[PDB]
Amino acid sequence: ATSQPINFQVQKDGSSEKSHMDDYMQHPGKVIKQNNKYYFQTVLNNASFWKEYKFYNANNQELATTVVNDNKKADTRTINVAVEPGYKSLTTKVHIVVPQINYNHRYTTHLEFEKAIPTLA
Ligand code: HEM
């Protein structure tokens, strides 16, 4: 397995404006290559707020996500999202629950890699 950091920004549905969702993922993320497979590895902040998250490519095919680590004390979670070299944009669909502000909403956003996912090595 080899990796490189990658810059990205989550943007609002139907807009190029930065999404609130961008604030809850750590920057930069990471691209990982292992055994002919690529992953975008990213850390969700305040993971307990994220009741559901699903990721899709530009062809609206759901991308497999796995938990790398779930850190309850820090309230973070590292996940891998299956990707391929050349991916530029992911659609995400999330259900966010913040009980202390009576907040319970579902959203779609698009995550924009700064550059296409590169071919590593
Ligand atoms: C306690 C923390 C939070 C506050 C105060 C908050 C506040 C808001 C507000 C006020 C809006 C409506 C649009 C606006 O007025 O700007 C909004 C929408 C939205 N929020 Fe939350 N939010 C919180 C947590 C989160 C989390 C944890 C996520 C996802 C990880 C999230 C994702 C979104 C998304 C995707 C929208 C739709 C517009 C956009 O894409 O930015 N929010 N939020």
Side-chain angles (χ1 to χ4, degrees):
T2 52
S3 66
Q4 287 297 141
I6 184 163
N7 294 333
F8 69 100
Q9 191 182 246
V10 191
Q11 292 175 180
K12 302 178 183 272
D13 186 69
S15 173
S16 61
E17 292 193 7
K18 193 192 83 174
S19 177
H20 283 277
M21 174 168 162
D22 192 66
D23 301 335
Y24 289 89
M25 302 176 92
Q26 290 185 6
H27 289 92
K30 193 166 153 213
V31 51
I32 299 164
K33 173 183 181 54
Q34 156 169 276
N35 293 328
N36 294 131
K37 289 159 171 51
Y38 280 63
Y39 307 91
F40 169 53
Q41 184 169 102
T42 188
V43 180
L44 311 184
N45 295 319
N46 291 295
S48 65
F49 298 169
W50 300 68
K51 301 320 268 250
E52 188 178 62
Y53 48 87
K54 292 175 184 188
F55 292 86
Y56 306 81
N57 65 19
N59 291 318
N60 271 109
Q61 305 181 293
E62 198 181 348
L63 301 169
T65 72
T66 42
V67 183
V68 180
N69 46 245
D70 188 55
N71 318 300
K72 272 160 191 278
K73 180 203 298 145
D75 192 18
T76 63
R77 173 185 312 165
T78 308
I79 67 168
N80 284 343
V81 183
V83 301
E84 299 184 351
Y87 271 21
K88 222 343 181 98
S89 173
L90 310 183
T91 293
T92 96
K93 294 190 189 178
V94 298
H95 174 208
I96 306 303
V97 178
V98 188
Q100 65 267 40
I101 52 158
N102 202 6
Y103 178 114
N104 187 332
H105 303 279
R106 305 185 69 89
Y107 302 114
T108 309
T109 64
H110 55 111
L111 186 159
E112 296 298 325
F113 295 114
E114 187 184 63
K115 296 173 212 261
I117 295 292
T119 300
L120 287 197

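One is the number of the first residue; the rest follow in order along the sequence. The figures here come from the full heavy-atom set of this structure, side chains too, leaving out hydrogens, waters and symmetry mates. Just so you know, ligand 1 is whichever comes first in the structure, and atom 1 is the first atom listed for that ligand.
Close approach to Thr109 involves these atoms of ligand 1, each under 4.0 Å from a residue heavy atom: 35 (C), 40 (O). Distances below 4.0 Å separate heavy atoms of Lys12 from the following atoms of ligand 1: 39 (C), 40 (O), 41 (O). Heavy-atom proximity to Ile96, at under 4.0 Å, picks out these atoms of ligand 1: 25 (C), 26 (C), 27 (C), 28 (C), 29 (C), 30 (C). Atoms of ligand 1 found under 4.0 Å from any heavy atom of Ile101 (numbered from 1 in listed order, with element): 1 (C). Interface of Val98 with ligand 1, defined as ligand atoms under 4.0 Å from a residue heavy atom, comprises 1 (C).
Of the polar atoms of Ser19, at least one N or O is found under 3.5 Å from an N or O of ligand 1, judged by distance alone. Considering backbone and side-chain atoms alike, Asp13 places every N or O at 3.5 Å or more from each N or O of ligand 1.
Using modelled atom types, one finds a donor on one side chain and an acceptor on the other under 3.5 Å when comparing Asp75 with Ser48. Between the side chains of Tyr87 and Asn57, a donor-acceptor pair is found at a separation under 3.5 Å.
With a heavy-atom cut-off of 4.0 Å, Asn46 does not touch ligand 1 at all.
Scanning all protein heavy atoms for the shortest distance to atom 41 (O) of ligand 1 gives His20 N, 2.8 Å. In terms of protein heavy atoms, atom 3 (C) of ligand 1 is closest to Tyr24 OH, 3.9 Å.
Residues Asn104 and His95 meet the side-chain proximity criterion, which asks for heavy atoms closer than 4.5 Å.
Atoms OH and NZ, from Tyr38 and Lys33 in turn, are 4.0 Å apart once rounded to the nearest 0.5 Å. Taking NZ of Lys12 as the reference point, atom OH of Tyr107 lies at 9.0 Å (rounded to 0.5 Å).
For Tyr107, every N, O or S atom stays at 2.8 Å or more from atom 21 (Fe) of ligand 1.
Under the 4.0 angstrom criterion, atom 21 (Fe) of ligand 1 counts as having a protein heavy-atom contact.
Grouping the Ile, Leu, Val, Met, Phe, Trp and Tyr side chains by contacts below 4.5 angstrom, directly or via other members, places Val81 with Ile96. Residues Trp50 and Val68 fall into different hydrophobic clusters, defined by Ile, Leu, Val, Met, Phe, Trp and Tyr side chains chained together at heavy-atom separations under 4.5 Å.
Taking all heavy atoms of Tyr103, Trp50, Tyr53 into account, the minimum distance to atom 42 (N) of ligand 1 is reached by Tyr103.
Using the six-membered ring where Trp is involved, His27 and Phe8 have ring planes that are parallel, under 30° apart on the 30 and 60° scheme.
Environment of CG in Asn69: crowded, with over 12 heavy atoms of neighbouring residues, nucleotides or ligands closer than 6.0 Å.
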